[PDB]
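Two forms of the same protein chain are encoded below as structure tokens; each is given separately, as structure 1 and structure 2.
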Structure 1
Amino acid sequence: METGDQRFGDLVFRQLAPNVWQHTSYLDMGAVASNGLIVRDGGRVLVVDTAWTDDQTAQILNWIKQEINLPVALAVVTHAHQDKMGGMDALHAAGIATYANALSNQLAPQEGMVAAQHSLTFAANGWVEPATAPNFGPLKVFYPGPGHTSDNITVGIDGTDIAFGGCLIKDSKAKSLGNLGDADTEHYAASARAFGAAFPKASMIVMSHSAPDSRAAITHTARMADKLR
């Protein structure tokens, strides 16, 4: 927890830009961090990823109400793991519209997760079909291909130098990819590089389990992935 960070309950918030904050929640497994984003877009707020749990995700919503005081219009979640979708019910209880890759929603029940209300689909070039992501404002959603998981998606924030790699991208000092059973080790490297190419001017790379990094996180991640093919 660095200087300039705010704490609300068990959550930590770091402002990254005038209209963007990183939310961080922890699960004791020894407190393992997971990062998401909060975006102020005019008179509304957009959320990328829940916290680990419903209660933690409610803390995010209370912090937003208290510190930003704008309604949360929608949330997009970036794949079907507990750190990204664990608080879906808290969002739904607040009347927030939720979006995920169709595959994430298909996987959610098997994972003991609650599926989002709406499914995103993607063109062959990886960009989201705009009709499935209505009124996403500055959020530009890109499916880079299979990597960390088959369903992982990524998000750039228009008007900023920020892109969110989710759990696909590791920080540039990482000693391993942590890749498990559901990783695609054949395509991981190409998918990391695809994320980089989709958001070629993003200079701040936000990710799920490390603090924000430079684009070196992308190239370092791709190098680690090259070794697995």
Structure 2
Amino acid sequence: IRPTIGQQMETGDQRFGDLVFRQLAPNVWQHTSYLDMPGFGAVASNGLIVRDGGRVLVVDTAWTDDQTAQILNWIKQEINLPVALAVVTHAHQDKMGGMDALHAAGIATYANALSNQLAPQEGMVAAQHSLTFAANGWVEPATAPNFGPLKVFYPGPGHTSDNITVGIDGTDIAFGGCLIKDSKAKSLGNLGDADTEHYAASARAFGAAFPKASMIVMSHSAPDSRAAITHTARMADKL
């Protein structure tokens, strides 16, 4: 009995080691990893895995190198294709905590130049390559070589100064990372590094950048429809 990962994922989300994987589209999966907070519920973070022909692309590490190695184990087991590159979406632990595991696997890594400046300071590792964004927010194509369907956009400061977002061309998906929370959220999570002045405008800019994305994927909520964007901006208004 040898079903494909897609065939297997019709049963629903799959637990794998300490992670959870969910198929969002035929070649797109959400990875979820958890930060144990002793005496409290574990903090979930989501990223993406994209199968782009004969290669795999990753958006965001897990919280730790070990959890990120578990992501790579899942990819080997279920997809059985090489991972070419990863894009990581700001210098917080949930997004860049596992860079060493990616680097050791021979994966080329990319982040906002600003993320690369902020990370070492915080005990993390910079990505190997720096993305530069035009004033309009779109990544300068020369700094994002061979990204396949990934379309990278800097929406402005919000959840952090360096937060970036990623659309997946040929799908209904755009990844807001930690900038966006779902349409029922009671808070924006930890705002300790947030730009409270600009957050709402940056959430709006993300929505305007990916107007055809009907599935919004987020770090700290399950996927939602576009109402998540204005809900997030409403929650962020006049912080």
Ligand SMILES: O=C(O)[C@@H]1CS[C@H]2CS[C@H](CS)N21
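Whichever C-alpha set is largest while still superposing within 1.5 Å between the two forms counts as the rigid core. Along the sequence of structure 1, residues get numbers from 1 upward. Only residues modelled in both forms are compared.
- Note on provenance: structure 2 matches the form solved without the ligand.
- Residue showing a CA shift of 2 Å or more between structure 1 and structure 2 (rigid core superposed; candidates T53, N179, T160, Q59): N179.
- Segments of at least three consecutive residues in which every Cα is displaced by 2 Å or more between structure 1 and structure 2, once the core is aligned, are found at 1 to 3, 178 to 181.
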